[PDB]
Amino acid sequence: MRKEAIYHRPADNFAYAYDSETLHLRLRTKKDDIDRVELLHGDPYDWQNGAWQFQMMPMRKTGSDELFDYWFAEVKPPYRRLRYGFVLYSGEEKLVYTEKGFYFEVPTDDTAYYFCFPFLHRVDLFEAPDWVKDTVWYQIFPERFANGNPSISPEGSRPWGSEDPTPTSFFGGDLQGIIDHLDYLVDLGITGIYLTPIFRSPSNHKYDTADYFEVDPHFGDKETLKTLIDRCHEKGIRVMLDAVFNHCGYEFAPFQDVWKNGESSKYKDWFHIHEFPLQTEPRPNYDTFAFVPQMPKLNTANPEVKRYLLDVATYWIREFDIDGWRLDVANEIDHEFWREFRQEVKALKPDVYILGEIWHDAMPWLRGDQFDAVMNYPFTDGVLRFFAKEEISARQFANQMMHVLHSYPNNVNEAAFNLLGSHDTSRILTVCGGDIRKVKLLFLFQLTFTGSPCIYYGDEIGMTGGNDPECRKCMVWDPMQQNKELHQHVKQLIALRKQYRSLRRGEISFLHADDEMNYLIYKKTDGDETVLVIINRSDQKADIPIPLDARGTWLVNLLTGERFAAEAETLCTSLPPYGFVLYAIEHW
């Protein structure tokens, strides 16, 4: 056994409470290096005859990535306290992995050797708003969704979809246009709407805010937003707003004051200024988003800034009842500010989904004291690499999916915001090089994946375009311009996701298929139901061997409803180029 590959540390994704009485424990070892792993556990104060009392619970291998196998075990501590270790087996070899290193036999003269999960507290528990688990979000870039009020459009607005957007072009999209098309979303199956910035700002993206307490006049007014939200709730749709708290706009009043009065300004400490007076040439002498002069970084450590942003955060929730906050550039704002943000948001309305824009590993913001989730761009990346660009095998794709999933606690992955693209990425159809077949697979995987998926407006009808701003074309409403194959496909999948619980909250496991280069086989199971998905990611037709049991197994095709019994061990499914099929399993 390779000790250098064995790992566990009593926190994060390796040790956590799943609920008020259950603890989850993981361990990772070198792939195929260990035959079995047993969790050694007991109450740290349970002694009898100078003998610490403990038991052995075999751990289940839940999956493996490129280098390791991940083992799982849940345990309900009798008195919510626990000391534990890991006994690894291989041939006649035996190893007791503990906090004090490895032993060859369970030491029991003391508990100090073992890892420790001191006490299970409801208060430290990770818990996200349960309703996001069954939600399928839809992202809207207001300036480009629908012009439902031509009079408020900024002069200079281009004719709808008359051309490709530019960093500064305008087409007149507004909040009214969203309301006018809600029926289109309801029909599609959407139950969540995520809006990019809608507060006063001079840009078409509005990430450079001028006033956080004002709806941009070009999108509408407060009454209009209130209607949109209530109109959404009427249809069972939740609404999430974008919080651009990392930086403000050049026209934010406090910043405009520091700009004119320099260091004497009462707002100078609301920012990160290196020298006075402030200047943008040759480069900003104050911290900013990226290196954008028009986007001054806010000082969230400043008591004033903190109170202002927190008011903003609570204002739109108490006055408009929004259901979520998407934290723009969340990772660049301090943790201290986020703990307060959460406390104040969750105290005002527990159901508010706190989503942070973090494109990378975000474990530190997902411990339960801060965000409920982050935009899963690592998911986006892996899925696109397999389905759109085909630059990795089914084998490597499975490894990457298992790797990112095991890097977080189970309850964290259940609330994850799984998107395929956004206003900051190129259009998926364009990443797929125009191949609708590939996009169908992307949507298939996303909608059969545990979490809270999000659809970028236009992706469901095949809109095209490279990265920002090309991905921000005006929403295509002309029926003859929308791709019906996709729309019905997406609608179908969302409806399936709603019917089968294993698709939105279950466990995913990949089954190795011969020619693990193009054939992707995986299943979702929540213990009650099992859905098997088979995907032929190749340009040729394929006869994919379904690795299942013979007599007793019955399958139901989810899309066609056809029911049939499994012959023997020879169940070969035939699929056309880039074809796929979903089956509900049954063992009698």
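Just count from 1 along the sequence shown to find any residue number.
Selected stretch [higher average CA B-factor]: 290 to 298 or 449 to 457 | Mean CA B-factor is higher for 290 to 298.
Mean Cα B-factor comparison, 41 to 49 or 544 to 552, giving the higher one as deposited | The recorded data point to 544 to 552.
From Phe219, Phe341, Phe386, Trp359, can you pick the one with the highest C-alpha B factor in the entry?
-> Checking the PDB record, the top C-alpha B-factor among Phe219, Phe341, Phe386, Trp359 is at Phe219.
Candidate set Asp435, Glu99, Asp381, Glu281 [ranked by C-alpha B-factor, highest] = In the PDB entry, the greatest C-alpha B-factor among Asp435, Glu99, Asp381, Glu281 is found at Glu281.
Modelled-residue ranking by C-alpha temperature factor, third containing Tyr583 = It falls in the middle third of the chain.
Relative to the other modelled residues in the chain, which third contains the C-alpha temperature factor of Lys3: lowest, middle or highest?
-> According to the entry, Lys3 has a C-alpha B-factor in the chain's middle third.
C-alpha B factor of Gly177, ranked within the chain: lowest, middle or highest third?
-> Middle third of the chain for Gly177's C-alpha B-factor.
Comparing against every modelled residue in the chain, figure out the third that the C-alpha B-factor of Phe564 lands in (lowest, middle or highest).
-> Tercile = highest for this residue's CA B-factor.
In terms of the chain's CA B-factor thirds, is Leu25 lowest, middle or highest?
-> It belongs to the lowest third of the chain when residues are ordered by C-alpha B-factor.
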